[PDB]
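What follows are structure tokens for two forms of the same protein chain, given separately as structure 1 and structure 2.
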Structure 1
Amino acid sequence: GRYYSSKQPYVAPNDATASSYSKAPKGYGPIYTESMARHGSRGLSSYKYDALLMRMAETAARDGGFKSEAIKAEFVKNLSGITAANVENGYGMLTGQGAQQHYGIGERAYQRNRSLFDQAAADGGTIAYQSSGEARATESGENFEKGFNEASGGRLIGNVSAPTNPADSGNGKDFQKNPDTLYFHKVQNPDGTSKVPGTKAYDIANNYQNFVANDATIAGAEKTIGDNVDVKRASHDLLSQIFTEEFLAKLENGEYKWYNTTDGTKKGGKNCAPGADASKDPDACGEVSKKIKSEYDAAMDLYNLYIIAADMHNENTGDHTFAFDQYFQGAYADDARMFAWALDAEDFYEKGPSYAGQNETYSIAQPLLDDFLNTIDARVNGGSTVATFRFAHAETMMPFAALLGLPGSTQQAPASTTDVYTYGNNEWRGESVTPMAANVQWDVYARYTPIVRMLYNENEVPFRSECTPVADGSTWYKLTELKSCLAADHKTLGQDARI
């Protein structure tokens, strides 16, 4: 692999996959479809990794911490380039790769359900578009819409439900903001509003944040992985291609430390990326509390730049080109793998299945699962919405995948801070659980209880093993069966799930 972790660009299905999805059993025709997809490829989400590395670079230049003038120039040039590229694109914004990803996904979404949507055009069915409110999610949705309308020759353009709370009045006017199902991990919503204290959504978000902040097993496992001897040596060795031993030893013993502030000090005030308009791009001014205090921190920042570059192909142009893969060549390639583990670990423990004996890390996805089922009910009871397409985040997909027990997210780590999650003992990978444009789609047919089939990153998958399908070897499941087997006790209806 290349070890891009959760910044892995989307891998679209080849034509054989997209044309070989299973057919529903005889007598069942399509009545509904729905989706939740992560935003497509993006730039850096804020002036953070590049910011901190530039502060470190300024100190190394002042104290002679670079190994040579050529190495200094190379490092500073790459930092300046990726920062300039993100300033032009806007921090947190979708890239050309992400637009292409979602355009293809929307094309294939219409194509898989051509019958459903042609009939919906025939009899006034409506399509519901939803976003978290974050710009990159809404933009992903807009490109999905473009691809969907291209593949259907525009025949469904006048079949979109008008939002009651649109993401914006221009390109995003078709997108209902729904942070309760697409941004359930934080009290604050992307549009600046906040979830109301006392509400179910506020309770979910707040209790989650307090649990993760205060949980001793998560903190201990993450300490164990951060202090791992091989991880520490990889951090030091990666940085030793750039900085001198004196500089790095000073960093590791605590003599150097950098905050994301104007002069790198804890008290230094807000730091915005050079050339950026903070009023138009607030994300270009970083969180003042982020810091580099160890070789691990600096190396992980460098690794994050290496992996985000994989999502910035079309922006890596002109006079703001950049490259960081030269720091991960040969013997350093494996270093990336180890950083991929460390990053993945932080997500696994904080946002995914995490450790055994708890469900607080992934139960927060319950509203989304609730909506996945409720919308189907609305269609069965005679509603006219034939499709619900939602666009959100990795923070949405990780607990959603763990809650459903999707492939990759079925295995919790031991209740231990030393016997911890590893690539060897656990199936979870960020590159497969939540790549850019990661998406779950359900197709719902009916004769009788409806039946449901799932695609995950457009691979047809069974539901979790506890669920019983309509027949042996089938990927179609009774809606009653899903309501039973996706609940906390994961009870199957047994023979009653068969048709």
Structure 2
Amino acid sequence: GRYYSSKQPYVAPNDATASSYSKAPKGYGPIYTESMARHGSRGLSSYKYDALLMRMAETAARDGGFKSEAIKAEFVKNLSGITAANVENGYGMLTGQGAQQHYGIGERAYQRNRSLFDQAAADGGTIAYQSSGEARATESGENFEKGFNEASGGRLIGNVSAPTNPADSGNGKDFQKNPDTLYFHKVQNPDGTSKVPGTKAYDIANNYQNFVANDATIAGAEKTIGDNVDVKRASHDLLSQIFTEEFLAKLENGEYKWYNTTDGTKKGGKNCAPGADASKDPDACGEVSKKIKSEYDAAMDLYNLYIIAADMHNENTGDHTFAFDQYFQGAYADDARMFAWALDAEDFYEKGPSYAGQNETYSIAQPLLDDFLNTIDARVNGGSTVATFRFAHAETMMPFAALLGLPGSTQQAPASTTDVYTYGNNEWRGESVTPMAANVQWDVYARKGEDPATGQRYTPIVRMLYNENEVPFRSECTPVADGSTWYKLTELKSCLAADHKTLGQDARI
């Protein structure tokens, strides 16, 4: 493991963690739970990083550009192996690991709220499954659903809310498409529909896309980061394990250049991964304009294979093994850290807290935060939906984390194109903010009856898990008592809003 950026595989809680979540205060019992999770680990999106590096390898073999015969053979074996794994799985598809991530999250979701769901099975409580409508998010949800149902012995299968707009009529029939809360970052919805002009959802997505496309600070900071000399040095360092100085020198002065075509040249034809059927897996045929024209390009492509390889752990087996981690050992691990920063920086600036003086990058998550609260109200107010399980994307989680002020997402970069986001000046990391299957879950409990002092019902209370670790809400929020991670619903409605005001003494039970 190491420096996987937002390709970090989900770290499931150990038995100690899962058995030690805090108990709600005396008199409070479960009434609702909800979640939003990023899809699980996926393979390569297309025949691209693996394609281009194989074209480079073929040229190195022809021109004597590998450091040794053993090194040549090992590099080609690694590339062939990851390509073969993707051809078999289908490019872009959920990996075995990605399925297991969601299966486990689903199992433990039932287990943590066994009392809630056993009551629901008896009382007619219903479960709502939602996705953005994107196939990998829905398929992640399907695995969560399988795990949840196995853990509960099928006793909640008859308790699923029928969607009014299902993801599909087959395996995804239980999933309601909700791209306003799970794909708020784009006008174009995954199902081929688009948000309607004049609606809040449209403006949120459109204003955001226009903002990031044209913002001078983001553009300048990204140029500064793209020109980073130490990343260029790390690129050379990484590649010199494999290729000769003479070969890499020709790359650095433009004598070598590879395109994603049949022969690696611009005049080559459209290519397809070996063994793939273009009609069944269109993503096995890459875009020809994709290219390697510098050491930076080749090294970042190699780094991308290293991080996806971790996500493809289950496919790293038998007749299609690969060992990209061997290029990132010892001093070379520090190169991985540089490449991780380069990737994290782009996400940070475009989708995360980004630079000080704006909130355009993450205010877009407001519809999801609104729904997190609104679905609690629906239940508290007499509704039958006891859980809402949502499945979405890194583009959903990153701004959601920043808007909530979750750990890791509390620091904006300076308002500067030169004094930029770095690992030394910012806590944000893809690996911890938005790993594969990243998720936020809230549990809601209530004390029954009317408070004799108010003649009204007791305020419900809420507790959060982030990647299945129990965490406090943001520091402005006051919990129900000293030493508690439970918070009044009234308090969250105040303290999670943009003013972040606490109700103070009125937050205490």
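The term rigid core refers to the most C-alpha atoms you can superpose between the two forms while keeping them within 1.5 Å. Counting starts at 1 with the first residue of structure 1 and goes up one by one along its sequence.
**Q** Could you check which of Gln241, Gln209, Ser161, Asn359 shows a C-alpha shift of 2 Å or more between the two structures after a rigid core superposition?
**A** Result of the comparison: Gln241.
**Q** Once the core is superposed between the two structures, does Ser68 show a C-alpha displacement of at least 2 Å?
**A** After core superposition, the C-alpha of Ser68 moves 2 Å or more between the two structures.
**Q** Inspect the rigid-core superposition and answer whether the C-alpha of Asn89 shifts by 2 angstroms or more between the two structures.
**A** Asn89: C-alpha displaced by 2 Å or more between the two structures.
**Q** Would you say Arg464 moves its Cα by 2 Å or more between the two structures, aligning on the core?
**A** It does not reach a 2 Å shift.
**Q** Relative to the superposed core, report the C-alpha shift of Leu305 between the two structures in angstrom.
**A** A shift of 2.2 Å.
**Q** Core-aligned, what does the C-alpha of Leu52 shift between the two structures, expressed in angstrom?
**A** C-alpha shift for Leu52: 5.4 Å.
**Q** Could you tell me the distance the CA of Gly40 travels between the two structures after a rigid core superposition, in angstrom?
**A** So the C-alpha of this residue moves 0.5 Å.
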